[PDB]
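Engineer: Dropping a structure here in structure tokens format, bear with me for questions.
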Amino acid sequence: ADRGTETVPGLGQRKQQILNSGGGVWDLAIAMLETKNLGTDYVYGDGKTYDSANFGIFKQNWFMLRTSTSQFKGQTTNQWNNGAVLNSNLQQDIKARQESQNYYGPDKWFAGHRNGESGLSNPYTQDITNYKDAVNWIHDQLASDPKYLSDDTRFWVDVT
Ligand SMILES: OC[C@H]1O[C@@H](O[C@H]2[C@H](O)[C@H](O)[C@H](O[C@H]3[C@H](O)[C@H](O)[C@H](O[C@H]4[C@H](O)[C@H](O)[C@H](O)O[C@@H]4CO)O[C@@H]3CO)O[C@@H]2CO)[C@@H](O)[C@@H](O)[C@@H]1O
């Protein structure tokens, strides 16, 4: 199916760490879609390099990082490995994503997070809206009962 639910034993411990490190429910929804374990132990850079490499629990790409975060603004494409610090600093990870979205606004943040630099050309394309929709649905689920902020339930969407 398009979407569903699964139990990830222990995940509620990591949910609470995220919410105790400056994250909000909206951040948890984005992280929940990105990885099953709310973790950073996917392949380095998510298998990608330079502006496309992904770091942190949200799999933020280096283009977004270097253009919209206080921690990385001004840095170059070639400096992309600097983003890896987010894989082991959850607070900086959370802070960077929030600053990125507060720099670009939600719509353009979605576009550049999903489609990189070329997504900023038009944030309202269907592939971006599909991603937006998925994060909205997961947030609606987490927001429907406070238990979902501390139990081991994961709401997932297959964003084709
Ligand atoms: O694209 C955005 C974001 O996606 C990330 O991957 C997600 C993926 O989007 C989706 O949420 C995925 O959920 C899995 C889920 O964990 C279960 O394994 C599930 O299974 C099956 C399901 O139970 C049903 O039986 C269905 O009919 O068949 C499924 C397959 O057997 O399937 C879901 C769909 O895959 O979880 C991953 C994260 O692990 C990342 O790719 C990220 O980079 C990305 O930006």
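Start counting at 1 in the sequence shown, then tack on 1, and there's your number in this note's numbering.
Where a beta carbon is used, it is the ideal one built from N, C-alpha and C, also for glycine.
Who pairs with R4 in a beta bridge, going by DSSP?
Structural biologist: Within the sequence shown, numbered from 1, the residue matching residue 4 stands at position 3. Looking at the DSSP assignment, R4 forms a beta bridge with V158.
Engineer: Do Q72 and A97 have their CB atoms nearer than 8 Å?
Structural biologist: In the sequence shown, the residue the question calls residue 72 occupies position 71. In the sequence shown, the residue the question calls residue 97 occupies position 96. Their beta carbons are under 8 Å apart, which means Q72 touches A97 by this criterion.
Engineer: Could you name each continuous beta strand (DSSP E) segment of 3 residues or more that falls completely within the region 37 to 102, going from the start of the chain to the end?
Structural biologist: You should have found no qualifying run.
Engineer: Would you mind reading off the limits of the alpha helix (DSSP H) that contains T130?
Structural biologist: Here residue 130 refers to the residue found at position 129 of the sequence shown. Residues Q127 to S145.
Engineer: Take residue 163 as the anchor and find which of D52, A32, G57 and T70 has the nearest alpha-carbon.
Structural biologist: What the structure shows of the chain is the stretch from 2 to 161, and residue 163 is not part of that stretch, so it cannot be assessed.
Engineer: Classify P10 as helix, strand or coil using the three-state DSSP reduction.
Structural biologist: One-based indexing of the sequence shown puts residue 10 at position 9. DSSP places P10 in coil when its eight states are reduced to three.
Engineer: To which residues of the same chain is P124 closer than 7 Å at the C-beta, ignoring the five residues directly before and after it?
Structural biologist: On the sequence shown, residue 124 is found 123 positions in, with the first residue counted as 1. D108, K109, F111 and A112.
Engineer: Using DSSP with H/G/I as helix, E/B as strand and the rest coil, what is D153?
Structural biologist: The sequence position of residue 153 within the sequence shown is 152, counting from 1. Of the three classes helix, strand and coil, the one that applies to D153 here is coil, per DSSP.
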